[PDB]
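Asks: Residue numbers (full-length UniProt numbering), protein chains in the order written: chain S, 5 to 102; chain F, 8 to 94; chain Z, 6 to 102; chain U, 5 to 100.
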Amino acid sequence: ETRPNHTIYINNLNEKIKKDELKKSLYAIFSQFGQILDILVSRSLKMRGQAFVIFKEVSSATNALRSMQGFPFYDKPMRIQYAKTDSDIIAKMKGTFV
Amino acid sequence: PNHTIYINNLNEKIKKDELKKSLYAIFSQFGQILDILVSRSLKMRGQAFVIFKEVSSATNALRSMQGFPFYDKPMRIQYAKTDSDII
Amino acid sequence: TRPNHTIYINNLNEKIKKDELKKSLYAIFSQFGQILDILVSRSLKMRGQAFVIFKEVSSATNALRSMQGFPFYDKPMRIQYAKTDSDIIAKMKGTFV
Amino acid sequence: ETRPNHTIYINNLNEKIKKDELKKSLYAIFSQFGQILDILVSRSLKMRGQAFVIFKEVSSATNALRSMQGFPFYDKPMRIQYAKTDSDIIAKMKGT
RNA sequence: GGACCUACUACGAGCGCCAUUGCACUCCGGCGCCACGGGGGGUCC
RNA sequence: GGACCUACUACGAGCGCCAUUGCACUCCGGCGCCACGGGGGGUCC
């Protein structure tokens, strides 16, 4: 599987939720674990419903993976992983996450 | 017990719109919510009301999200003194 | 190789009694789902091992992601997926109780 | 609590767990951050679902708060703080 | 001190239910169920 | 209808400081900073 990283990869998110309400509600949940740099969210409505929360230090992401795993967020328990290396940066320039 | 839970110790620095939408993001798992009243008034601020359809939902919600760090601040959930507008 | 409901843990602190261990493992892996059994090796040659059997594969996969290399009794444990029936074969043989 | 201390104050602990199984599971988790002096646990009504982990050096406690904050321990995420005031065993080192 | 019985007893354990989110280091919340321990009473070595 | 302004206005918004832990279901604590939008008054094509 994937080594630790300061950014966590979230999937199984409710696609029906607008990007603005989502990115801001994700910050509402993960602001406890540390300083969030950016939060990238899947662009299209059809998209599986994914997001990236980029922390300043890996400690926050490591805690986030353990504590918020499977948390029912918008009636859907979100499935947290560690982000593959630089996938957060690659996903932004490719412009699939905003 | 009561059908609506009283939440306080909320981060006042967050706008009313972001708050109601983030609260619904958290408590939608426990049942059907009718309304969520939020106000930045001087007495009513830092607090919120979550109106559930059935009391069983509120008991699990109060049980589950007590002390939940919501915007770096663990929230204080209670039961409402009186009932809600709904009968 | 492929996913399984059971995770294979090794590099466990051998100085800890098996009784305290099984209970402390349940304290850590009960979060990822419903656990069926927790098998710990009693053997002399194969020392420092365990099996955590979850009801659903989702549980085992999440445990692998979250607790990989976690220092458990000041010793970071090394998690894998169980090799198929390897869990029951070690139980139908008494190397794990 | 903002002020660091040798002792971390843990709450939101699974109250149904026996005192012996608890301290042994807490030691199983916090022995990584340094040397633990004692782990005080009480199942009484006032101290129920709480714990104290007293470290030798504050660096141990700070690393512990940093790493295990919000960690789901017995299907319950624990909320770690710093202790209000030095533990009694600590205050016998620093003469208080 | 042991082993086997009991129209006895819930003091501990151990089960559940309710309440408690509480900063300690001078035990100690509340019920209910259950004699596994103990405690009585009894047949023996 | 456009553009280039204002010795005007903080009506919306958006920033910080202070005070605030408060039980409601019509409703707005207090200064400061800022004309992004607006609103006036203008000079032109």
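Backbone N, C-alpha and C define an ideal beta-carbon position, used for all residues, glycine too.
Mind reading off the beta-carbon distance from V57 (chain U) to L30 (chain U)? Whole number of angstroms is fine, and I expect it under 8 Å.
Replies: Residue mapping note: residue 57 (chain U) aligns to position 53 of the fourth sequence, counting from 1. Residue mapping note: residue 30 (chain U) aligns to position 26 of the fourth sequence, counting from 1. About 6 Å; that satisfies the 8 Å criterion.
Asks: Using 8 Å as the limit for Cβ to Cβ distance, is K20 (chain S) near chain F?
Replies: Along the first sequence, one-based indexing puts residue 20 (chain S) at 16. Judged by the 8 Å Cβ criterion, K20 (chain S) is not in contact with chain F.
Asks: Is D90 (chain F) closer than 8 Å to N9 (chain F) when the C-beta atoms are compared?
Replies: As a position in the second sequence, residue 9 (chain F) is number 2, starting the count at 1. As a position in the second sequence, residue 90 (chain F) is number 83, starting the count at 1. It is a contact, given that the beta carbons lie within the stated cut-off.
Asks: Round the Cβ separation of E5 (chain S) and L69 (chain Z) to the nearest angstrom and send it over; I've been treating them as touching at under 8 Å.
Replies: For the purposes of this step, residue 5 (chain S) is taken as residue 1 along the first sequence, with counting starting at 1. For the purposes of this step, residue 69 (chain Z) is taken as residue 64 along the third sequence, with counting starting at 1. Indeed they touch by this definition, with Cβ atoms about 6 Å apart.
Asks: With 8 Å as the C-beta to C-beta threshold (strictly closer), list the residues of the region 71 to 82 of chain S near chain Z in chain order.
Replies: Within the region 71 to 82 of chain S, the residues whose Cβ lies closer than 8 Å to some Cβ of chain Z are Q73, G74, listed in chain order.
Asks: Name, please, each residue of chain U whose Cβ falls closer than 8 Å to the Cβ of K28 (chain Z).
Replies: If you number the third sequence from 1, residue 28 (chain Z) lands on position 23. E25, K28, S29, listed in chain order.
Asks: Can you grab the Cα-Cα spacing for the pair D79 (chain U) / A65 (chain S), in whole Å?
Replies: Taking the fourth sequence and counting its residues from 1, one reaches residue 79 (chain U) at position 75. Taking the first sequence and counting its residues from 1, one reaches residue 65 (chain S) at position 61. Their Cα atoms are separated by approximately 19 Å.
Asks: Could you tell me whether any non-hydrogen atom of the ligand GDP is closer than 7 Å to the CB of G38 (chain S)?
Replies: Annotation note on the ligand GDP: not contained in the displayed structure, which lists no ligands.
Asks: To the nearest angstrom, how far is it from the Cα of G53 (chain S) to the Cα of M72 (chain S)?
Replies: Residue numbering aside, residue 53 (chain S) sits at position 49 when the first sequence is read from its first letter. Residue numbering aside, residue 72 (chain S) sits at position 68 when the first sequence is read from its first letter. So the two alpha carbons sit approximately 17 Å from each other.
Asks: Rounded to whole angstroms, how far is the Cβ of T100 (chain Z) from the Cβ of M51 (chain Z), which I believe are closer than 8 Å?
Replies: The sequence position of residue 100 (chain Z) within the third sequence is 95, counting from 1. The sequence position of residue 51 (chain Z) within the third sequence is 46, counting from 1. Confirmed, about 7 Å.
Asks: Just to make sure I have the definition right: I need the residues of chain S whose C-beta is within less than 8 Å of the C-beta of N67 (chain Z). Which are they?
Replies: Against the third sequence, residue 67 (chain Z) aligns to sequence position 62. Correct list: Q73, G74, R83.
Asks: Name, please, each residue of chain S whose Cβ falls closer than 7 Å to the Cβ of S35 (chain F).
Replies: Within the second sequence, the letter at position 28 stands for residue 35 (chain F). The answer, in chain order, is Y78, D79.
Asks: Report the partner residues of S46 (chain S) according to the DSSP bridge assignment.
Replies: Working through the first sequence from its first residue, we reach residue 46 (chain S) at position 42. According to DSSP, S46 (chain S) bridges with S:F101.
Asks: Could you give the distance in angstroms between the alpha-carbon of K60 (chain U) and the alpha-carbon of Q39 (chain U)?
Replies: The count along the fourth sequence starts at 1 and reaches residue 60 (chain U) at position 56. The count along the fourth sequence starts at 1 and reaches residue 39 (chain U) at position 35. About 6 Å.
Asks: For a test of the three-state rule: what should DSSP assign to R52 (chain S), helix, strand or coil?
Replies: Sequence index remark: in the first sequence, residue 52 (chain S) carries index 48 (1-based). Coil, per DSSP.
Asks: Can you pull the chain Z neighbours of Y86 (chain S), defined as C-beta to C-beta under 8 Å?
Replies: Translated into positions along the first sequence, residue 86 (chain S) becomes position 82. Here the neighbours are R70.
Asks: Report the option in F:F34, F:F75, F:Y86, F:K27 whose CA atom is closest to the CA atom of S35 (chain S).
Replies: Here the question's residue 35 (chain S) lines up with position 31 in the first sequence. Residue F:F75 is the option with its Cα nearest to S35 (chain S).
Asks: Bridge partners for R70 (chain S) per DSSP, in chain order?
Replies: In the first sequence, the residue the question calls residue 70 (chain S) occupies position 66. DSSP, once it has assigned bridges, lists no residue as partnering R70 (chain S).
Asks: Is there a Cβ from chain U that is less than 8 Å from the Cβ of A32 (chain Z)?
Replies: Residue 32 (chain Z) sits at position 27 when you count from the first residue of the third sequence. For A32 (chain Z), the answer is yes, since a Cβ of chain U falls inside 8 Å of its Cβ.
Asks: Which first and last residues belong to the alpha helix (DSSP H) in which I33 (chain S) is found?
Replies: In the first sequence, counting from the first residue as 1, residue 33 (chain S) sits at position 29. Note, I33 (chain S): alpha helix (DSSP H), 23 to 34.
Asks: Mind checking who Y13 (chain Z) pairs with in its DSSP beta bridge?
Replies: On the third sequence, position 8 is the one that residue 13 (chain Z) refers to. Answer is Z:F56, Z:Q85.
Asks: Ends of the alpha helix (DSSP H) at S91 (chain Z)?
Replies: On the third sequence, position 86 is the one that residue 91 (chain Z) refers to. Where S91 (chain Z) is concerned, the enclosing alpha helix (DSSP H) stretches over 91 to 96.
Asks: Measuring alpha carbon to alpha carbon, tell me which residue in Z:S46, Z:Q85, Z:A32 is nearest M97 (chain Z).
Replies: For the purposes of this step, residue 97 (chain Z) is taken as residue 92 along the third sequence, with counting starting at 1. Among Z:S46, Z:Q85, Z:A32, the Cα nearest to that of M97 (chain Z) belongs to Z:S46.
Asks: In angstroms, rounded to a whole number, what distance separates the CA positions of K88 (chain U) and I14 (chain U)?
Replies: Here residue 88 (chain U) is taken as the residue at index 84 of the fourth sequence, counted from 1. Here residue 14 (chain U) is taken as the residue at index 10 of the fourth sequence, counted from 1. Going by the C-alpha atoms only, they are around 12 Å apart.
Asks: With distances taken Cα to Cα, identify the nearest neighbour of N67 (chain U) among U:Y86, U:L49, U:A55.
Replies: As a working mapping, residue 67 (chain U) is identified with position 63 in the fourth sequence. Checked all of U:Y86, U:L49, U:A55; the closest Cα to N67 (chain U) is U:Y86.
Asks: With a 10 Å radius around its C-beta and 16 neighbouring C-beta atoms as the bar for buried, classify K22 (chain S) as buried or exposed.
Replies: Indexing the first sequence from 1 puts residue 22 (chain S) at position 18. When all chains shown are included, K22 (chain S) counts as exposed.
Asks: Chain Z beta carbons: is any one of them nearer than 8 Å to that of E61 (chain S)?
Replies: As a working note, residue 61 (chain S) is residue 57 in the first sequence. Judged by the 8 Å Cβ criterion, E61 (chain S) is not in contact with chain Z.
Asks: Closer than 6 Å by C-beta to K27 (chain U): which residues in its own chain qualify, once you throw out the five before and the five after it? Chain order, please.
Replies: Taking the fourth sequence and counting its residues from 1, one reaches residue 27 (chain U) at position 23. Excluding positions up to five away in sequence, the list reads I43, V45.
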